[PDB]
Amino acid sequence: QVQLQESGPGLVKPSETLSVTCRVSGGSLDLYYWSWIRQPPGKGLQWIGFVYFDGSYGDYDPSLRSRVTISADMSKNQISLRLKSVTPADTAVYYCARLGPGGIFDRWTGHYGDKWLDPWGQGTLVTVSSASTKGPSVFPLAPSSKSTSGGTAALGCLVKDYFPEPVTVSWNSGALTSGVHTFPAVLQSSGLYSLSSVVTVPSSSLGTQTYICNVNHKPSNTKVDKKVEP
Amino acid sequence: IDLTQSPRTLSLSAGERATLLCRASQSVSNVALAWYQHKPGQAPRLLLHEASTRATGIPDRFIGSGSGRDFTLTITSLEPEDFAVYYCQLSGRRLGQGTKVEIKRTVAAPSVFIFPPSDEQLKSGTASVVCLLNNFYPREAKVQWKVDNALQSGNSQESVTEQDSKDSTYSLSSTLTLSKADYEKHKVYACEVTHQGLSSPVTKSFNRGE
């Protein structure tokens with residue numbers, strides 16, 4: 001029943017030090033390794049490193065070892081990854097997971113459990129930029145008669161000109177999930193992410209059910225709701 | 001010591017058998033190999049460890065085998081739910097480039113809608129026209145922006161969804177963003193869509209003022 005979640009700064013500036021913290025929420029660190037895995041914007045799962053729970057033994061990817069140190073506070077049940085001298089290369093989602101074979105405990109000689117990665121947990125995005133955050137400007141994608149196609153209508157919200165990722169879009173405060181496509185952000189040449197989010201709903205429900213999107217942008221403490229009307 | 005997966009990409013109709021290879025640079029014992037399914041936006045999950053021992057709770061259709069340096073993830077019968085990228089790794093946990101697995105399915109034509117620029121966005125000095133391609137397959141499609149029957153470039157920008165885990169279709173959004181000054185020197189903003197499932201391309205358009 002173990003479970004874990006990473007978290008950290010939403011942004012880091014060039015040449016600074018990036019840190020991210022993972023909190024084990026179903027058991028203790030006892031007799032396991034804890035590892036960090038990054039996924040850059042276009043790539044696969046780059047492994048970064050792991051550390052024994054008690055902190056005596058660790059192994060890292062030698063590309064990063066000079067600028068990486070991983071520590072675990074067995075008491076706080078949290079693990080810290082510390083990557084020095086960050087560049088936009090390090091811009092990535094950082095995953096946290098639990099190494100292996102049952103772990104089992106080992107002396108200083110032979111650290112010869114390590115086998116699999118179980119729970120992983122969403123992990124967190126860290127953009128890395130000298131830019132400063134900006135808030136979404138949320139507009140309606142109105143289901144006009146050019147969005148009336150027989151008995152089904154389409155409608156949505158436009159979430160434009162923000163930074164950095166992510167934003168959260170929800171429909172009618174979580175109530176509406178069917179027919180939702182919240183598109184991927186598209187990084188414009190301005191440096192800003194932009195995104196629509198659409199829902200298709202029955203034409204009959206347009207005058208009975210109101211439709212409001214719930215945009216959320218924690219990097220700017222922006223939360224807006226926008227009604228969609230003709 | 002390294003790890004080589006192949007194919008990098010694999011498009012198979014739902015219900016057919018899929019075979020995935022992970023090839024070591026060297027001899028390795030069964031124990032240190034494991035397989036991971038990474039659906040987009042979820043967290044990566046263990047499928048198999050020690051090369052054959054199924055992870056707790058993951059279905060029977062995932063089977064793992066091998067020795068030496070050729071390791072093999074087998075999906076006996078693909079379910080649309082299997083759209084993902086499947087990775088493998090060694091003990092101290094470094095690697096796998098993965099295998100993006102589509103679910104090939106029937107041609108499905110996109111449903112198209114356009115949305116005019118909002119009254120609110122026009123007040124800020126920028127107009128955005130959004131064109132929608134909804135629940136279609138195969139992935140590839142063509143959006144052509146036509147403004148009074150003239151083509152656009154460089155100020156249209158588009159995004160497409162990850163493959164729907166239940167009917168394996170794709171949805172696409174092409175957003176045309178112009179300044180209000182530009183938006184008003186034309187009258188009819190039209191979006192033309194070309195796709196396999198469409199007999200001839202479709203165009204949905206409005207005249208500025210509606």
# chains A, B, ... in the order shown; residues from 1 in each chain; ligands from 1
call {"tool": "interface_residues", "arguments": {"of": "chain A", "to": "chain B", "cutoff": "9 Å", "atoms": "only C-alpha atoms", "output": "PyMOL selection string"}}
result
chain A and resi 35+37+43-50+59-61+95+99-100+113-123+137-144+146-149+153-155+158+181-186+188+195-196+198
call {"tool": "write_last_selection", "arguments": {"atoms": "N, CA and C atoms", "output": "short mmCIF file (atom, residue, chain, number, x, y, z; two decimals), in the first residue's frame"}}
result
data_model
loop_
_atom_site.label_atom_id
_atom_site.label_comp_id
_atom_site.auth_asym_id
_atom_site.auth_seq_id
_atom_site.Cartn_x
_atom_site.Cartn_y
_atom_site.Cartn_z
N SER A 35 14.75 6.02 -5.89
CA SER A 35 15.43 6.55 -7.07
C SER A 35 14.62 7.62 -7.79
N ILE A 37 13.96 9.51 -11.58
CA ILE A 37 13.92 9.30 -13.01
C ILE A 37 13.26 10.50 -13.67
N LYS A 43 11.71 13.11 -24.70
CA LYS A 43 12.50 11.89 -24.63
C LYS A 43 11.81 10.86 -23.76
N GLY A 44 12.53 9.78 -23.47
CA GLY A 44 12.06 8.70 -22.62
C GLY A 44 12.54 8.85 -21.18
N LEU A 45 12.46 7.76 -20.43
CA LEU A 45 12.80 7.81 -19.00
C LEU A 45 14.32 7.72 -18.76
N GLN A 46 14.99 8.88 -18.72
CA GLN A 46 16.37 9.00 -18.23
C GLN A 46 16.43 8.66 -16.74
N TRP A 47 17.27 7.71 -16.36
CA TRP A 47 17.53 7.44 -14.95
C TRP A 47 18.55 8.42 -14.44
N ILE A 48 18.34 8.89 -13.20
CA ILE A 48 19.21 9.88 -12.54
C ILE A 48 20.02 9.26 -11.40
N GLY A 49 19.34 8.73 -10.40
CA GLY A 49 20.09 8.01 -9.40
C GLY A 49 19.17 7.42 -8.36
N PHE A 50 19.76 6.58 -7.52
CA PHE A 50 19.09 6.10 -6.33
C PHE A 50 20.04 6.20 -5.16
N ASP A 59 23.98 5.17 -6.08
CA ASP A 59 24.52 5.09 -7.42
C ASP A 59 23.75 6.08 -8.28
N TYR A 60 24.44 6.70 -9.22
CA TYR A 60 23.83 7.69 -10.08
C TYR A 60 24.25 7.44 -11.53
N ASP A 61 23.55 8.09 -12.47
CA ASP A 61 23.99 8.12 -13.87
C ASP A 61 25.23 8.98 -13.94
N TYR A 95 10.40 12.10 -11.91
CA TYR A 95 9.66 11.00 -11.30
C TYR A 95 10.43 10.44 -10.12
N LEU A 99 13.04 1.51 -5.22
CA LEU A 99 13.86 0.52 -5.90
C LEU A 99 13.81 -0.79 -5.13
N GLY A 100 13.02 -1.72 -5.64
CA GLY A 100 13.57 -3.01 -5.94
C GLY A 100 13.25 -4.22 -5.12
N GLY A 113 20.92 -6.19 -3.24
CA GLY A 113 19.55 -6.09 -3.72
C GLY A 113 19.47 -4.87 -4.61
N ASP A 114 18.92 -5.04 -5.81
CA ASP A 114 18.31 -3.96 -6.59
C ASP A 114 17.63 -4.53 -7.81
N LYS A 115 16.31 -4.42 -7.92
CA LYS A 115 15.76 -5.19 -9.02
C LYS A 115 14.68 -4.51 -9.85
N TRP A 116 13.70 -3.87 -9.20
CA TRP A 116 12.58 -3.28 -9.93
C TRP A 116 12.18 -1.94 -9.33
N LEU A 117 11.37 -1.18 -10.07
CA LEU A 117 10.85 0.10 -9.62
C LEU A 117 9.34 -0.02 -9.41
N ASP A 118 8.90 -0.01 -8.14
CA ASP A 118 7.48 -0.01 -7.81
C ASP A 118 7.17 1.27 -7.01
N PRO A 119 5.94 1.53 -6.63
CA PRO A 119 5.27 2.76 -7.10
C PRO A 119 6.11 3.92 -7.60
N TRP A 120 5.59 4.52 -8.66
CA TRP A 120 6.27 5.64 -9.31
C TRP A 120 5.61 6.97 -8.95
N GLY A 121 4.31 7.11 -9.19
CA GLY A 121 3.66 8.37 -8.85
C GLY A 121 4.00 9.52 -9.77
N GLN A 122 3.00 10.35 -10.09
CA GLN A 122 3.05 11.31 -11.18
C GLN A 122 4.37 12.07 -11.30
N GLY A 123 5.05 12.37 -10.19
CA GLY A 123 6.22 13.23 -10.24
C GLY A 123 5.90 14.62 -10.77
N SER A 137 -5.08 33.75 -20.19
CA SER A 137 -6.18 34.64 -20.53
C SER A 137 -7.27 33.73 -21.10
N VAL A 138 -8.28 33.39 -20.32
CA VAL A 138 -9.23 32.35 -20.71
C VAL A 138 -10.45 32.95 -21.41
N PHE A 139 -10.70 32.53 -22.65
CA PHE A 139 -11.81 33.00 -23.48
C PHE A 139 -12.76 31.86 -23.85
N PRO A 140 -13.97 32.18 -24.31
CA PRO A 140 -14.90 31.11 -24.73
C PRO A 140 -14.68 30.63 -26.16
N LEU A 141 -14.79 29.32 -26.34
CA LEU A 141 -14.99 28.73 -27.66
C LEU A 141 -16.49 28.46 -27.71
N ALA A 142 -17.21 29.42 -28.30
CA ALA A 142 -18.67 29.43 -28.22
C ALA A 142 -19.26 28.44 -29.21
N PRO A 143 -20.24 27.65 -28.80
CA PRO A 143 -20.92 26.75 -29.73
C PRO A 143 -21.93 27.50 -30.59
N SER A 144 -21.41 28.30 -31.51
CA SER A 144 -22.27 29.03 -32.43
C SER A 144 -22.97 28.03 -33.36
N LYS A 146 -22.11 27.51 -36.25
CA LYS A 146 -20.97 26.88 -36.92
C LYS A 146 -20.32 25.80 -36.05
N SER A 147 -20.83 25.65 -34.81
CA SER A 147 -20.54 24.57 -33.87
C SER A 147 -21.79 23.76 -33.55
N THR A 148 -22.85 23.91 -34.37
CA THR A 148 -24.04 23.07 -34.31
C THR A 148 -23.99 22.17 -35.54
N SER A 149 -23.79 20.87 -35.31
CA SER A 149 -23.66 19.86 -36.36
C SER A 149 -24.73 18.80 -36.07
N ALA A 153 -23.41 19.51 -30.30
CA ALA A 153 -22.70 20.77 -30.35
C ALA A 153 -21.37 20.62 -29.63
N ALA A 154 -20.40 21.41 -30.05
CA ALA A 154 -19.08 21.42 -29.46
C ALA A 154 -18.81 22.80 -28.88
N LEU A 155 -18.12 22.83 -27.74
CA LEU A 155 -17.81 24.09 -27.09
C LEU A 155 -16.58 23.91 -26.21
N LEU A 158 -10.45 28.73 -24.47
CA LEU A 158 -9.11 28.95 -24.96
C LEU A 158 -8.26 29.48 -23.81
N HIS A 181 -11.68 16.82 -24.15
CA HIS A 181 -10.33 16.72 -24.71
C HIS A 181 -9.67 18.02 -24.34
N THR A 182 -8.86 18.00 -23.29
CA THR A 182 -8.02 19.15 -22.96
C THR A 182 -6.70 18.97 -23.70
N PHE A 183 -6.48 19.78 -24.73
CA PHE A 183 -5.37 19.58 -25.67
C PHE A 183 -4.02 19.85 -25.04
N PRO A 184 -2.95 19.38 -25.65
CA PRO A 184 -1.62 19.75 -25.16
C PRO A 184 -1.28 21.21 -25.44
N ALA A 185 -0.56 21.79 -24.49
CA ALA A 185 -0.03 23.12 -24.71
C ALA A 185 0.96 23.10 -25.88
N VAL A 186 1.00 24.24 -26.59
CA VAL A 186 1.83 24.48 -27.77
C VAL A 186 2.72 25.67 -27.48
N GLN A 188 4.63 28.68 -28.07
CA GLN A 188 4.71 29.61 -29.18
C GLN A 188 6.10 30.24 -29.26
N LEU A 195 -3.39 26.72 -25.21
CA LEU A 195 -4.12 25.46 -25.09
C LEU A 195 -5.62 25.69 -25.16
N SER A 196 -6.33 24.92 -25.96
CA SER A 196 -7.78 24.92 -25.86
C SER A 196 -8.23 23.66 -25.12
N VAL A 198 -11.89 21.24 -25.11
CA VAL A 198 -13.20 21.14 -25.73
C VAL A 198 -13.98 20.01 -25.11
#
call {"tool": "select_by_dssp", "arguments": {"residues": "chain B", "states": "strand (DSSP E)", "output": "PyMOL selection string"}}
result
chain B and resi 3-6+9-13+18-28+34-38+45-49+53-54+62-75+84-89+100-104+111-115+126-136+142-147+156-160+170-179+188-194+202-207
call {"tool": "residues_around", "arguments": {"residues": "segment 59-74 of chain B", "least_positions_apart": "6", "cutoff": "8 Å", "atoms": "only C-alpha atoms", "output": "PyMOL selection string"}}
result
chain B and resi 17-30+35+47-48+51-53
call {"tool": "atom_distance", "arguments": {"atom1": "atom CA of residue 183 of chain B", "atom2": "atom CA of residue 152 of chain B"}}
result
12.6 Å
call {"tool": "closest_residue", "arguments": {"among": "A:130, A:39, A:75, A:69", "to": "residue 92 of chain A", "atoms": "only C-alpha atoms"}}
result
A:39
call {"tool": "atom_distance", "arguments": {"atom1": "atom CA of residue 210 of chain A", "atom2": "atom CA of residue 109 of chain B"}}
result
28.9 Å
call {"tool": "closest_residue", "arguments": {"among": "B:168, B:83, B:186, B:108", "to": "residue 37 of chain B", "atoms": "only C-alpha atoms"}}
result
B:83
